[PDB]
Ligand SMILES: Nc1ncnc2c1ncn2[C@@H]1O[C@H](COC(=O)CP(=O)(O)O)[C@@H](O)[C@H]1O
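Next up is one chain by itself, shown in structure tokens, the form deposited without this ligand.
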């Protein structure tokens, strides 16, 4: 279905390195539709909730601290297979192992400063979207370029 949505957040390092527009442009070119978008400095509570899955791990603390360390550009994209597609456009966890052509492959060097976050599944996408955005902040009627879908 073409109404699939994913949550992406350009982390503080990406924002600080001026990659926000470059990242958004890549998704717009692909044909995904921007359904939600806003810059914010995440509070500890939102952060801990975002990374709840790692709450029992030791690096959980470092994740929370970093993401709340500066502005973040949170966005929600809609489109067919956007969740897996966006992961693919992002690259693998280690930027050094990510292929040129992907966001982390092109701009990153360190796991801890890997620029962007993308939901890893439709269900995590749904949880993250509802976590980071009020429903009023999301487009209800999405109209993509007609030359994109059969």
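Numbering follows the first chain given and starts at 1.
The form solved in complex with this ligand exists for this protein as well; it is not shown, and the discussion that follows is about that form.
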{"item": "Contact at 5, 34 and 39 by this ligand in the bound PDB entry, all three, heavy atom at most 4.5 Å", "value": "no"}
{"item": "Contact flag, residue 87 vs this ligand in the bound PDB entry, heavy atom cut 4.5 Å", "value": "yes"}
{"item": "Contact flag, residue 122 vs this ligand in the bound PDB entry, heavy atom cut 4.5 Å", "value": "no"}
{"item": "Contact flag, residue 93 vs this ligand in the bound PDB entry, heavy atom cut 4.5 Å", "value": "yes"}
{"item": "Any non-hydrogen atom of residue 54 within 4.5 angstroms of this ligand in the bound PDB entry", "value": "yes"}
{"item": "Residues from 1-24 in contact with this ligand (non-hydrogen atom within 4.5 Å) in the bound PDB entry", "value": "11"}
